[PDB]
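Here's the structure we're looking at; comments come further down.
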Protein chains: 2
Amino acid sequence: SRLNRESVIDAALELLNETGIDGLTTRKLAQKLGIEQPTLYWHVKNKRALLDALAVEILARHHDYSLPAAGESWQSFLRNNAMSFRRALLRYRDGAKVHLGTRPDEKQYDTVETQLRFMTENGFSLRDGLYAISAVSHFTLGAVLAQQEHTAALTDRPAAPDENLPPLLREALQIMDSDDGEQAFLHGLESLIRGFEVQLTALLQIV
Amino acid sequence: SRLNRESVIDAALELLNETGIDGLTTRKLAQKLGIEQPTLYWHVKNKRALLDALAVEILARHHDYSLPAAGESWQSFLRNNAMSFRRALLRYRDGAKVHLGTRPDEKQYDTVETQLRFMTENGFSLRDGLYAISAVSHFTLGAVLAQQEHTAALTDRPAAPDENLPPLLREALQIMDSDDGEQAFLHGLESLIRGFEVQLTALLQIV
Ligand SMILES: CN(C)c1ccc(O)c2c1C[C@H]1C[C@H]3[C@H](N(C)C)C(O)=C(C(N)=O)C(=O)[C@@]3(O)C(O)=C1C2=O
Ligand SMILES: CN(C)c1ccc(O)c2c1C[C@H]1C[C@H]3[C@H](N(C)C)C(O)=C(C(N)=O)C(=O)[C@@]3(O)C(O)=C1C2=O
Ligand SMILES: [Cl-]
Ligand SMILES: [Cl-]
Ligand SMILES: [Cl-]
Ligand SMILES: [Cl-]
Ligand SMILES: [Cl-]
Ligand SMILES: [Cl-]
Ligand SMILES: [Cl-]
Ligand SMILES: [Cl-]
Ligand SMILES: [Cl-]
Ligand SMILES: [Cl-]
Ligand SMILES: [Cl-]
Ligand SMILES: [Cl-]
Ligand SMILES: [Mg+2]
Ligand SMILES: [Mg+2]
């Protein structure tokens, strides 16, 4: 099949959804594409370059809320931003493991820059705007990794069904796995944003 | 060398610090221990059982603040808890990648149970206590993964040194990598806790 950037990325994401990150290799990618490894090598040097590119593309394709709406509050933008980040990461198997250790790509510079200018225009210093952005990303990444990687681990070996857990831990785990972890996440996200709001409004006051 | 649980775990953590999670194998563990693979297999069935055990042991050894102090506020306990969780995860290379997708171990039941009882005795429902605990873990895990995995990625290929970044993104990344990410983390952690505090005190009031 065809080996332009787009087709290589499409085949790569298919294979990622078939086999997960740890068994995504240039060997199996070559196989999926019906080509010899030294053909693929012309197009994709290594698994790292491949992972770097999927990270960027999963967002370009599926992270629809990168930009604030005209007039949107910074709280609403961080919420809508986080929800969209979470969506994009969950869309492919081990997606958050793919995102891990990427930095914004040149094709995301203007997007990430705008996001920081927007914060700073709402009364954040660069530094608190940065911390808010970073906290939202790290929170959202952990929440999606815990969920994806809890799941991957269960494929490999089960858990004790209850007949062994102490009572609170027993009902806590029933609750946290009764949706995908979406309510733990949406609740944590409100706590985080209100925390940034309390910090920002305080200004020089001891808070 | 000796193959009791303790010695296998010690050798495993050494190898983890030498080679990272992705090149930690039962082959190289057998080599490190100076034994044949079918000898190791008696002791350790697979990489999963091995990862499950290192996850538990890295905490037992190095997560000193699992328990609140008598009289300690829930805010102070979540802070001291998170800081200690972060420490334990950073102590070994790809440590957070090791923790990912573990659930509390039987030898951590009484610890995690106590943590939930403590929250609920401070006025959290099980559910908000749970969300607070989960948010603190997911935040702390993302923060440590972003840092560890940003680092692992740099071994594999560098970044653009500045002569290409737009201005805010340029100075943001200088700031966020001028310590290990410890100030982004400690700031995010205060925002999260104050957010849980605002939620809890509100009770039935629209907040
Ligand atoms: C400059 N800024 C503080 C940093 C620092 C370190 C980082 O590792 C990153 C950023 C920007 C953030 C912005 C976030 C943004 N959001 C908070 C989720 C975001 O929506 C995007 C995006 N491309 O739309 C990211 O690049 C992003 O996911 C991302 O991957 C980032 C990222 O990796
Ligand atoms: C029951 N509780 C809500 C859950 C649910 C899902 C989970 O995946 C987990 C917990 C408890 C938390 C407690 C946290 C605690 N802390 C908030 C960091 C903690 O200090 C410990 C500990 N063993 O001391 C954990 O087990 C812990 O790191 C952990 O790994 C957990 C964990 O994995
Ligand atoms: Cl074709
Ligand atoms: Cl082609
Ligand atoms: Cl193309
Ligand atoms: Cl490869
Ligand atoms: Cl293969
Ligand atoms: Cl986890
Ligand atoms: Cl010996
Ligand atoms: Cl022995
Ligand atoms: Cl032992
Ligand atoms: Cl193995
Ligand atoms: Cl090997
Ligand atoms: Cl990251
Ligand atoms: Mg990122
Ligand atoms: Mg855990």
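Chain A uses Swiss-Prot numbers throughout; the residues present, in order, are 2-208.
The backbone N, Cα and C atoms fix where each Cβ goes, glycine too.
Lifted from Swiss-Prot, the feature list:
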type	residues	note
DOMAIN	A:3-63	domain 'HTH tetR-type'
DNA_BIND	A:26-45	DNA-binding region
BINDING	A:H64, A:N82	tetracycline binding site
BINDING	A:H100	Mg(2+) binding site
Problem set entry | Residue with minimal Cβ packing [other Cβ atoms within 10 Å] among the binding-site residues A:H64, A:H100 | A:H64
Problem set entry | DSSP three-state assignment for A:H64 (tetracycline binding site) | coil
Exercise. If one measures from the C-alpha of A:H64 (tetracycline binding site) to the C-alpha of A:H100 (Mg(2+) binding site), what distance in angstrom results, rounded to a whole number?
Worked result: 12
Exercise. Among all the protein chains here, how many other CB atoms are within 10 A of the CB of A:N82 (tetracycline binding site)?
Worked result: 23
For this session: Mind tallying the DNA-binding region (A:26-45) by DSSP state, helix then strand then coil?
Result: 15 helix, 0 strand, 5 coil
For this session: Report, in whole Å, the straight Cα-to-Cα distance of the residue listed as 'Mg(2+) binding site' from A:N82 (tetracycline binding site).
Result: 16
